[PDB]
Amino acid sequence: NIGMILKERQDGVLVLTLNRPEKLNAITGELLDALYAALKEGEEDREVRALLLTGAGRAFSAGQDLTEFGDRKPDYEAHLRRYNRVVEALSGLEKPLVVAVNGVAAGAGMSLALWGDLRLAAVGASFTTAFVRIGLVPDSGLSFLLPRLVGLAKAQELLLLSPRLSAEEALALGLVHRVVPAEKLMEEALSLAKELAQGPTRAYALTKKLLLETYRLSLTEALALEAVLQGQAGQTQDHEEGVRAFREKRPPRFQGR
């Protein structure tokens, strides 16, 4: 398909599938533009309360297509302003994102997978940082996410030595939250995304903003931002519903506003 991102809506969930299975969903500028466009649509679509990202075929993504750039003096500083708006869009997404890692995620493919709020892997899936084997540094936010997700000791080993991690090893480190058999991965991930699509979408979005900023703030700054964002969550119809549901001891019926 032109752009190489498949798009499907179900029950409040936009399902995005990386679709270059013949090249293990290797990333090109074209694929990144299509993914940006799809994330923008998902976020704008008032019928969408959650996103699910997965790969077509054997792989999640092998990362940058190492054929896309033809022997010329590479300008990665320039190009990464492109990987960069996609990462900006993922990081700031105002709806929850499930990632279903169906196979290998390497390099920027591993970066993209780790931007999921909740991450599931198939048995048989694998992670490898990859960049150092091409003489490159981690990019697409991997140098930001990895030490936060697995701690600095594991981030050093994973990045410097680029070992291949099994899905069970990934589970141990916090790279994923759940490992499921390959034939059940999309059912389980879609089940979780539909759960989140009934959730308090505004609370999810603002909680994600606090988590993104937490490490660079002083405690004083963190308490100030908590105050500001709790002010905004406090004004939502969902907060009022949440309080009613607790007082009546029934499930909340959230609307995402």
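Residue numbers here begin at 1 and follow the sequence given.
The deposited model assigns a higher average Cα B-factor to 61-69 than to the other stretch when 61-69 and 33-41 are compared.
In this crystal structure, the stretch out of 117-125 and 71-79 whose C-alpha atoms carry the higher mean B factor is 71-79. Among all modelled residues in this chain, the alpha-carbon of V180 has a temperature factor (C-alpha) in the highest third. Ranked by C-alpha B-factor against the other modelled residues of its chain, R46 falls in the highest third. For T17, the recorded CA temperature factor ranks within the lowest third of the chain's modelled residues.
The deposited CA B-factor of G199 belongs to the middle third of values across its chain. Sort the chain's modelled residues by C-alpha temperature factor and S140 lands in the middle third, per the entry.
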